[PDB]
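Residue indices begin at 1 and follow the sequence shown.
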Amino acid sequence: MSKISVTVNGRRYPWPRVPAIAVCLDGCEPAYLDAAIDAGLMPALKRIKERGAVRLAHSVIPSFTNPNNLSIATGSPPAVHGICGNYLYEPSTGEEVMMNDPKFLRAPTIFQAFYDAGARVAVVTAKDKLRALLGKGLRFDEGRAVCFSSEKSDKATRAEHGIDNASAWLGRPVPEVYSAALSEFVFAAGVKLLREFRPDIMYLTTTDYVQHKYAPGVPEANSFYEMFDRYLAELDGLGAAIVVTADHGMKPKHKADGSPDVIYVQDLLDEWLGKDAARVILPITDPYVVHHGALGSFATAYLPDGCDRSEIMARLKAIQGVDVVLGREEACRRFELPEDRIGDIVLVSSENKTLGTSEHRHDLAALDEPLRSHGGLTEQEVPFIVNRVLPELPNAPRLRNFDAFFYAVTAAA
Ligand SMILES: [Zn+2]
Ligand SMILES: [Zn+2]
């Protein structure tokens with residue numbers, strides 16, 4: 001007898017005999033888990049690690065939320081699926097266009113591929129914009145798909161989400177967006193779906209709210225992972241094959257005085273090339289944001305026609321804190337990104353620095369706690385833990401976070 005599989009984006013996924021789940025712990029620097037385990041707060045994960053398979057994996061660069069979530073969802077890097085940031089810039093028109101709409105997704109998800117093959121599929125996110133992206137191609141007329149967010153859980157309908165009012169269904173209120181509870185709702189929904197819906201494939205993804213605010217091992221960080229462990233215990237006890245990974249890590253990005261350590265790339269380019277001759281893009285978040293949330297460790301820039309790219313790169317790279325500067329072609333080859341959605345140059349900053357645009361007009365400092373962020377090579381390493389015995393499982397750099405479903409279904413088969 002032939003084995004049953006589904007082929008998606010050139011990869012062969014064995015049919016899972018038991019439910020296959022991937023959990024994306026947003027911004028989960030490996031140190032978060034080590035600290036919570038050491039504090040005695042994660043007895044389930046501690047045992048799961050001992051008896052299963054423990055690895056580190058590499059995220060996509062940029063180590064941003066949407067590109068990595070969509071990589072996990074498709075089993076492919078952004079060169080394939082097309083989502084490499086929250087927005088890009090079009091030199092013609094001079095318009096900044098969002099890339100968090102499903103029309104911009106260029107490859108099928110693992111979710112759609114399994115759904116089309118007759119599987120039961122569940123996707124739960126914390127944020128609703130991601131929900132629409134991740135849910136592309138799912139259908140809700142056969143009772144075989146559920147896709148909703150914690151954020152908009154009370155708005156879910158049978159026809160568009162596979163469930164009527166997920167808040168009422170779960171019996172929990174819609175959480176505050178800026179909270180740990182937004183993520184707890186996802187885990188709780190995941191458990192109830194595993195019990196009652198019985199998916200073949202399920203994705204649970206959270207937000208990095210706690211992680212931007214709190215360093216590994218502090219009470220508020222520990223409490224978050226202590227909470228997660230309870231849901232992990234339940235999912236594991238219900239018999240699912242589970243991969244726990246992350247979209248990216250998290251590092252401090254502040255000076256000794258606690259203030260943001262920022263390299264203002266637009267100011268530099270305005271000086272060398274003329275004001276607004278070049279355009280610096282900060283794709284870690286939406287383009288309208290000017291409140292420290294727009295500070296990450298990866299940026300891209302569009303340069304004036306005919307200018308000496310090589311010279312500009314060298315000037316930028318010479319700056320202490322700018323670690324990597326690459327042209328479009330090299331950046332796309334090295335980081336596996338789409339050429340048509342990246343600028344002329346790509347910048348990656350040092351471990352404890354971020355990249356900004358300008359000091360004139362400026363970016364206001366909102367929250368009080370010292371800046372923590374991601375986007376760079378120093379937030380690429382993420383946990384990758386499976387609750388099954390898998391001696392052949394690779395390790396970083398070979399193992400990627402977007403191998404999560406490949407190995408989850410392999411374990412489940
Ligand atoms: Zn994230
Ligand atoms: Zn973030």
Side-chain angles (χ1 to χ4, degrees), residues 24 26-27 59-71 73 78 81-91 93-106 125-136 149-152 176-179 182-183 205-213 247-248 250 253 260 262-266 276 278-302 337-338 340-343 346-349 354-359 361-367 371-376 379:
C24 180
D26 201 324
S59 79
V60 165
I61 306 299
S63 54
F64 291 162
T65 297
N66 284 355
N68 280 96
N69 273 92
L70 270 70
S71 294
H81 61 70
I83 311 298
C84 58
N86 273 34
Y87 73 103
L88 64 83
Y89 178 78
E90 288 186 333
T93 319
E95 213 83 294
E96 288 169 339
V97 57
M98 302 317 103
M99 213 68 25
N100 60 349
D101 190 294
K103 71 187 178 192
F104 298 102
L105 183 54
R106 292 173 163 168
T125 71
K127 297 305 286 285
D128 206 58
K129 281 296 278 174
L130 187 55
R131 188 278 309 165
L133 266 171
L134 293 179
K136 189 180 187 178
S149 69
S150 300
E151 183 185 11
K152 264 75 171 184
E176 287 287 333
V177 171
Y178 290 118
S179 75
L182 198 73
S183 292
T205 187
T206 55
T207 81
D208 58 357
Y209 169 78
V210 170
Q211 297 70 27
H212 274 284
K213 285 177 74 73
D247 53 353
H248 52 78
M250 192 73 67
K253 307 286 179 180
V262 189
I263 297 154
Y264 295 98
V265 189
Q266 191 70 57
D276 290 327
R279 177 68 150 265
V280 178
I281 296 308
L282 309 179
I284 190 165
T285 192
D286 292 2
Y288 53 78
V289 181
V290 280
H291 286 265
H292 82 276
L295 299 173
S297 297
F298 176 105
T300 189
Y302 299 77
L337 303 174
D340 64 344
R341 294 189 173 169
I342 291 297
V346 160
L347 293 80
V348 188
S349 68
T354 55
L355 300 163
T357 53
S358 58
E359 278 191 35
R361 291 173 281 103
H362 201 56
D363 196 292
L364 292 160
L367 284 166
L371 184 68
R372 300 175 54 72
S373 202
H374 50 99
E379 301 83 45

Original post:
Looking at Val60 and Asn68, what are the two nearest heavy atoms and their distance?
Top reply: N-ND2, 2.8 Å

**OP:** State which residues pass salt bridge (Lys or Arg N to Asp or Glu O under 4.0 Å) with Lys152; sequence neighbours excluded, sorted by chain then number.
**Re:** none

Original post:
With no hydrogens and no angle check, is any side-chain donor or acceptor of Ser183 less than 3.5 Å from a backbone partner on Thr207?
Top reply: yes

Subject >> Close side-chain approach of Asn66 to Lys129, heavy-atom, < 4.5 Å >> reply: no

Original post:
Is the shortest heavy-atom distance from the side chain of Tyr87 to the side chain of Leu282 under 4.5 Å?
Top reply: yes

Original post:
Who passes ring pair (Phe, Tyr, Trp, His ring centres under 6.0 Å) against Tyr89, sequence neighbours left out?
Top reply: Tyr302

**OP:** Please answer whether the main-chain N or O of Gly27 pairs with a side-chain N or O of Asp247 as donor and acceptor at a distance below 3.5 Å.
**Re:** yes

Original post:
Roughly how far apart are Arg372 CZ and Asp208 CG, rounded to 0.5 Å?
Top reply: 10.5 Å

Subject >> By salt bridge (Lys or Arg N to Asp or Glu O under 4.0 Å) - contacts of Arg341 (at least two apart) >> reply: none

Subject >> Which atom of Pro67 lies closest to which atom of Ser71, heavy atoms considered >> reply: O-OG, 2.8 Å

Original post:
Which residues satisfy the salt bridge (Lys or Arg N to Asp or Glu O under 4.0 Å) test with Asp363, sequence neighbours excluded?
Top reply: none

Original post:
By side chain to side chain donor-acceptor pair (under 3.5 Å), which residues pair with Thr357, not counting sequence neighbours?
Top reply: none

Subject >> Those residues that, when tested against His374, pass ring pair (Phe, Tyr, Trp, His ring centres under 6.0 Å) (two or more places apart) >> reply: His212, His248

Original post:
Do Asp286 and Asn86 get their side chains close enough for a donor-acceptor pair, meaning under 3.5 Å?
Top reply: yes

Original post:
Which atoms form the tightest heavy-atom contact between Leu337 and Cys84, and what is the distance?
Top reply: CD2-CB, 4.2 Å

**OP:** Could you tell me which residues satisfy side chain to side chain contact (heavy atoms under 4.5 Å, CB included) with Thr205, sequence neighbours excluded, listed by chain and number?
**Re:** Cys24, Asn69, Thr125, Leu130, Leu134, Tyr203

**OP:** Kindly compute the distance separating OG1 (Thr354) from NE2 (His292), expressed to the nearest 0.5 Å.
**Re:** 10.5 Å

Original post:
What heavy-atom pair brings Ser373 and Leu295 nearest, and what distance separates the two atoms?
Top reply: OG-O, 2.7 Å

**OP:** Keeping the roles fixed (side chain from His81, backbone from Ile83), state whether a donor-acceptor pair exists under 3.5 Å.
**Re:** yes

Original post:
Who passes side chain to side chain contact (heavy atoms under 4.5 Å, CB included) against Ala278, sequence neighbours left out?
Top reply: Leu269, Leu273, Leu303, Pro304

Original post:
Looking at residues at least two apart in the chain, or sitting in another chain, which of them share a side chain to side chain contact (heavy atoms under 4.5 Å, CB included) with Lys213?
Top reply: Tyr209, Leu367, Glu369

Subject >> Sequence-distant partners of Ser297, side chain to side chain donor-acceptor pair (under 3.5 Å), two or more places apart >> reply: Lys253, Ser349

**OP:** Mind checking the CG-OH spacing from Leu355 to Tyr264? Nearest 0.5 Å is all I need.
**Re:** 11.0 Å

Subject >> Residues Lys127 and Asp26 bridged, charged N to O under 4.0 Å >> reply: no

Original post:
Can you find a pair of side-chain heavy atoms, one from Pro338 and one from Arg106, that are under 4.5 Å apart?
Top reply: yes

**OP:** Please name all residues satisfying salt bridge (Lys or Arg N to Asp or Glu O under 4.0 Å) with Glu90, sequence neighbours left out, ordered by chain then number.
**Re:** none

Original post:
Is the backbone N or O of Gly376 less than 3.5 Å from a side-chain atom of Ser63, with the two atoms forming a donor-acceptor pair by type?
Top reply: yes

Original post:
Which heavy-atom pair separates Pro260 from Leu371 by the least distance, and what is that distance?
Top reply: CB-CD2, 4.0 Å

Original post:
With a 4.5 Å limit on heavy-atom distance, are the side chains of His362 and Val290 in contact?
Top reply: no

**OP:** Grab the two heavy atoms, one from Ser149 and one from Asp128, that are nearest each other, plus how far apart they are.
**Re:** OG-OD1, 2.8 Å

Original post:
Looking at CG of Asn100 and CG of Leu70, how far apart are the two atoms once the value is rounded to the nearest 0.5 Å?
Top reply: 10.0 Å

**OP:** Output all residues satisfying side chain to side chain contact (heavy atoms under 4.5 Å, CB included) with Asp101, sequence neighbours left out; order by chain, then residue number.
**Re:** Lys103, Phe104

**OP:** Could you grab the distance from atom CD of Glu176 to atom CG of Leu182, nearest 0.5 Å is fine?
**Re:** 9.5 Å

